[PDB]
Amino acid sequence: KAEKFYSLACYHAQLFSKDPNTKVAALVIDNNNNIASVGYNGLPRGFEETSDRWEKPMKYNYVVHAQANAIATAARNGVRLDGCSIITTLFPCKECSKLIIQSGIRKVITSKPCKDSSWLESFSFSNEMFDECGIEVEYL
C-alpha cells in the first residue's frame, strides 16, 4: 500500500505541478489510510503564474516546496496531521524536515536520493533531527 500511495504521489506531481523542470508531490496519509493532505510544488494560491516567474532563478523567490505545502494546506483546511505518514516523491530538504517534525508527522516514505555531494550536509541534518525526534524513514 505504501508503494501504491507513492505511485499516486508521482501521478499527482505530473498532473498538477506547473514547474517546467521538476515536479514534486507529497501525500500525508493517516493511520486509516485516508489521504489527509496533498502538497505539490507551486507558487502561492492566486499569484499570477507568469512564464518569467517560473524561470530559474526567479522562481525560487516564489515557489513553495511540496512537503511544506502539504502541511500549510492542512492548516488552511484544519486537518490534523499528528501521527500521520508523509509519502513524498523527493526526500525532504532541511527546512521541510523541521516542518514535518513540527506538524506531528511520524514517518517519511520516499525513494532513496541519488548520490549528490552538494546535498550531503542537508541530508545529514534532516536525518539527525528525524532520528532524535522519532521520525521513521522508509525507502521504497
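Numbers for residues come from their place in the sequence shown, where the first is 1.
**Q** Output the stretch having the higher mean C-alpha B factor in the entry; the candidates are 17-25 and 116-124.
**A** The entry gives the higher C-alpha B-factor average to 116-124.
**Q** Should the higher mean CA B-factor in the entry be assigned to 94-102 or to 53-61?
**A** According to the PDB entry, the answer is 53-61.
**Q** Comparing recorded Cα B-factors across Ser111, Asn77, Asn69, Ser85, which one is largest?
**A** Result of the comparison over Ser111, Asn77, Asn69, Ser85: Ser111.
**Q** What third of the chain does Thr73 rank in for C-alpha temperature factor, lowest, middle or highest?
**A** For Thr73, the deposited C-alpha B-factor lands in the lowest third.
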